[PDB]
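Single chain ahead, written as structure tokens, the form solved without the ligand.
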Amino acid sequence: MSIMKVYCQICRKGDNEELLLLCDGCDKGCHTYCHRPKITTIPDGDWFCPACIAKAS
């Protein structure tokens, strides 16, 4: 078996799940308020993290 729990890359906590953004690209997580600059809109759809966007460019 495999158990997967997502934790924020910055604070390493898995609380505040609505605000813990999960990347569709790489499956890593980060809270809106743990990003800098802080994210002040909750994405309505899927999320791609800044590392994945930089690489895709």
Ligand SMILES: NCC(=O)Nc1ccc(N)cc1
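Note that residue numbering follows the sequence shown and begins at 1.
Q: Quick one: say whether 31 to 39 or 10 to 18 has the higher mean Cα B-factor in the deposited entry.
A: In the deposited entry, the stretch with the higher C-alpha B-factor mean is 10 to 18.
Q | Where the record places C52 (Cα B-factor, split into thirds across the chain) | A | Answer is lowest: the recorded C-alpha B-factor places it there.
This next part talks about the form deposited with the ligand bound, which is not shown.
(Q) Within 4.5 Å, heavy atoms only: does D46 come near the ligand in the entry with it bound? (A) Contact with the ligand, yes.
Q.
Test of understanding: in the entry with it bound, would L22 fall inside 4.5 Å of the ligand by heavy atoms?
A. Although the ligand is absent here, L22 would touch it in the entry with it bound, with heavy atoms inside 4.5 Å.
Q. Counting only non-hydrogen atoms and a 4.5 angstroms cut-off, does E18 reach the ligand in the entry with it bound?
A. Contact with the ligand, yes.
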